[PDB]
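So the structure is just underneath, and the comments pick up after that.
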Amino acid sequence: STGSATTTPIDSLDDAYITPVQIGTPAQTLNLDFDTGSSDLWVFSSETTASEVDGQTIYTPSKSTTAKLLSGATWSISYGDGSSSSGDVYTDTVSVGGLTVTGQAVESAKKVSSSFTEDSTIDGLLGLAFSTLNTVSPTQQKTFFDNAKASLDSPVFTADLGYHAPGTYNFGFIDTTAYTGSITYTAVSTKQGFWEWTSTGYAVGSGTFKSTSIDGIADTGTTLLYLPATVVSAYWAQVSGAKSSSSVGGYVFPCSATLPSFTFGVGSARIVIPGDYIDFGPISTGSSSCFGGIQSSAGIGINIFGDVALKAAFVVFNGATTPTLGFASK
């Protein structure tokens, strides 16, 4: 089997992307944030504290003939941005782009933090990291991909995120028309539960590529590119007027700037992020100061190849017995 679904930016900055997902019988379609940095599929629901719902579409398990309550099970997650959610657990039929998993754990939120409430466009998350990170207790549950894997034509999914435009998540096949040149594959460590890999270096603009190992995670659920302070400083030093602002919370630059590209290495291959992808717009409405899309990972504890990086590539998440990641230009 295969599946193919379009993913759509939630706003004009590509802050996140949402993908329609069918849950239950009859189908209830919710727009979920596919997150390769976490491993829980959780949704706003009829059980979510009413004052914490503000415009989201909710899952109502009592209206699904296929919903089953997982007796006594709970879940609770905290994300890197400090947001969180928790609740109880159902299993139900879940379909993405024509691919169906029966008995998928659907984690129903009883509580969500303010950042989730305040974002009316995201109805929940669909985790695509390794199932070892799943937070269900007492017994951990499998991700949608883990459950679908054995049925797929090939044990892979691909992320093809758009710049200020829709893109595609495919399951079970590689669309050879979706990229230019070849896909370069690189090793993955699953030791921390992430799609963790080692980039072979970077370049700033037209500068010569610097060969250096940069361990990080491929994370569709993170907006920006977070890299070591050395790398990030080298990038912003090429932007006139750029500076790190502790009050804003990162590097800012004059909105009138022409930003250089940023290149990262995948083996001997190279992915070039255009300068425009690094512009995240005015720091506040009407400001002439803009927020940068490449920021320091210092104090996160891990480097993150988030959407800024991933949307410059066609990315293969290969879930074979020994997982790997593939990157192609597009």
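What is reported rests on the model, the rules as stated and the sources as named; these are not laboratory values. Because the Cβ atoms are built from the backbone with ideal geometry, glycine has one as well, and the counts that use them run over all protein chains shown.
Has the range 59-66 got any residue that is in the same structural domain as residue 170 (by CATH), in contact with a strand residue (DSSP E or B) (Cβ under 9 Å, 6 or more places away or on another chain), among the hydroxyl-bearing types (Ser, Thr, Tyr) and within 27 Å of residue 315 (Cβ to Cβ)? So that I can check it myself, show each step before the final result.
First, pick out the residues of the range 59-66 that are in the same structural domain as residue 170 (by CATH): 59-66.
Remaining after also requiring in contact with a strand residue (DSSP E or B) (Cβ under 9 Å, 6 or more places away or on another chain): 59-61, 63-64, 66.
Keeping just the survivors that are among the hydroxyl-bearing types (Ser, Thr, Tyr) gives 59-60, 64, 66.
With the extra rule that they be within 27 Å of residue 315 (Cβ to Cβ), the set shrinks to none.
There is no residue in the range 59-66 that is in the same structural domain as residue 170 (by CATH), in contact with a strand residue (DSSP E or B) (Cβ under 9 Å, 6 or more places away or on another chain), among the hydroxyl-bearing types (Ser, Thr, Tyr) and within 27 Å of residue 315 (Cβ to Cβ).
You will find that of 161, 133, the residue that is in contact (Cβ under 8 Å) with a residue 60 or more places away in the chain and either buried (at least 21 other Cβ atoms within 10 Å of the Cβ) or over 24 Å from residue 77 (Cα atoms) (or both) is 161 and no other. Would you confirm whether any residue within the range 300-322 is among the charged types (D, E, K, R), under 24 Å from residue 157 (Cα atoms) and either in a helix (DSSP H, G or I) or under 20 Å from the mean Cα position of the chain (by Cα) (or both)? The answer is yes; a qualifying residue exists.
In summary, strands (runs of 3 or more DSSP E) completely within the range 58-129 and bearing 1 or more residues that are among the hydrophobic types (A, V, I, L, M, F, W, C) and farther than 15 Å from residue 143 by Cα occur at 68-78, 99-112.
Please determine, by comparing only the residues of the range 47-56 that are in a loop (DSSP other than H, G, I, E, B) and touching a strand residue (DSSP E or B) at 6+ places or on another chain (Cβ under 7 Å), which one is nearest to residue 18 (Cα to Cα). Taking the candidates together, the pick is 48. When residue 284 is tested against (1) in a loop (DSSP other than H, G, I, E, B); (2) more than 23 Å from residue 9 (Cβ to Cβ); (3) among the polar types (S, T, N, Q), exactly one condition is not met: (2).
Among the residues making up the range 19-59, those that are crowded, with 22+ Cβ neighbours inside 10 Å and of a type in the set (A, V, I, L, M) are 21, 23, 30, 32, 41, 43.
Residues that are in contact (Cβ under 8 Å) with a residue 24 or more places away in the chain and more than 16 Å from residue 265 (Cβ to Cβ) were ranked within the range 177-187; the one that is surrounded by the most Cβ atoms within 10 Å (Cβ to Cβ) is 179.
Selection of first residues in the range 290-318 that are more than 15 Å from residue 216 (Cα to Cα) and assigned by CATH to the domain that holds residue 277 and of second residues that are surrounded by fewer than 24 Cβ atoms within 10 Å (Cβ to Cβ) and small (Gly, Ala, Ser), restricted to Cβ pairs under 6 Å at least 6 apart or on distinct chains, gives the following pairs, ordered by first then second residue: 290/281; 314/178; 314/328; 316/326. Selection of the range 224-273 for residues being part of a loop (DSSP other than H, G, I, E, B), of a type in the set (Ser, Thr, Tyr) and surrounded by fewer than 16 Cβ atoms within 10 Å (Cβ to Cβ) yields 240, 246, 247, 256, 258, 268. Give the range 130-161 a look and list any residue that's in contact with an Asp or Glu (Cβ under 9 Å, 6 or more places away or on another chain), assigned to a loop (DSSP other than H, G, I, E, B) and of a type in the set (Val, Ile, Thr), or say none. Correct list: 135, 136, 143.
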